[PDB]
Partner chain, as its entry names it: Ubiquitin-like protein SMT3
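Read the single chain below, which is given as structure tokens and is the form solved without the partner chain.
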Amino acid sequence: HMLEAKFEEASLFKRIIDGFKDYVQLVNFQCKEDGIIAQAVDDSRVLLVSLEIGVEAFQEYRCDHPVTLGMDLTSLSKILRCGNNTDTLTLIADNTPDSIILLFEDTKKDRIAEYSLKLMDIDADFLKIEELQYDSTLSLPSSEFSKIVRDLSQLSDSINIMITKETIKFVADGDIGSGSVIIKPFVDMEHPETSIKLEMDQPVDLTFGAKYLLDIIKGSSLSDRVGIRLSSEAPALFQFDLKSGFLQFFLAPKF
């Protein structure tokens, strides 16, 4: 077995796939000695999803040679929904593979579910995320960010994120009515995951497609917190941190 990736948590690969599947259905997953990366972006080039899973996210990880797993995520998620979470999930691939193997094993129950998925040929042209500075860097609980997006999206196809000194303001205005949610940087010491953190180098007022924010918050299951980095000259970066790695959404604002 050239590739043998045993997830620490079976739910993790399932929750990772959730960040991708409803946006771009066919995604190339590249495996290397140092772990797994994946990117997805449609023709509009407006939203880019970028994953990185490091070795430490696995119980055992081994990848002899670089492998690209071209996967239809619709199929992959059906199969992944066959797992129990009380299951260990092992990805198994061989030299120049036609198929990926998913090996669900039940602890102490003597059950082995082995699934195989035929791989697809996908032209994944990669982009090294060119690293830049952001005008504002923000972080809040992911479930809080999610409720904000879900709500304002009831009112508009556009959601505005406005950063001024010590103020984060999410705004939407549509036909039925308007919505506004303002949050202030708090530092909770008893419970730091609930903290609201803000660093503003320059104020920003960016407007985003609500469909894309709705795509992004599909990553909320992956991390207690989402990091938002905003730019008046480049895409915003919405990131969910993994134990080893991240799911990044790069989103281009509107005019």
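Numbering follows the first chain given and starts at 1.
Note that the form deposited with the partner chain bound isn't included here; everything after this is about it.
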- Query: Even though the partner chain is not shown here, does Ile37 get within 4.5 Å of it in the deposited bound form, heavy atoms only?
  - Reply: no
- Query: Closest heavy atom of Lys32 to the partner chain in the deposited bound form, within 4.5 Å or not?
  - Reply: no
- Query: Should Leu198 be classed as touching the partner chain in the deposited bound form when contacts are defined as heavy atoms within 4.5 Å?
  - Reply: yes
- Message: When the contact criterion is heavy atoms within 4.5 Å, does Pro185 count as touching the partner chain in the deposited bound form?
- Response: yes
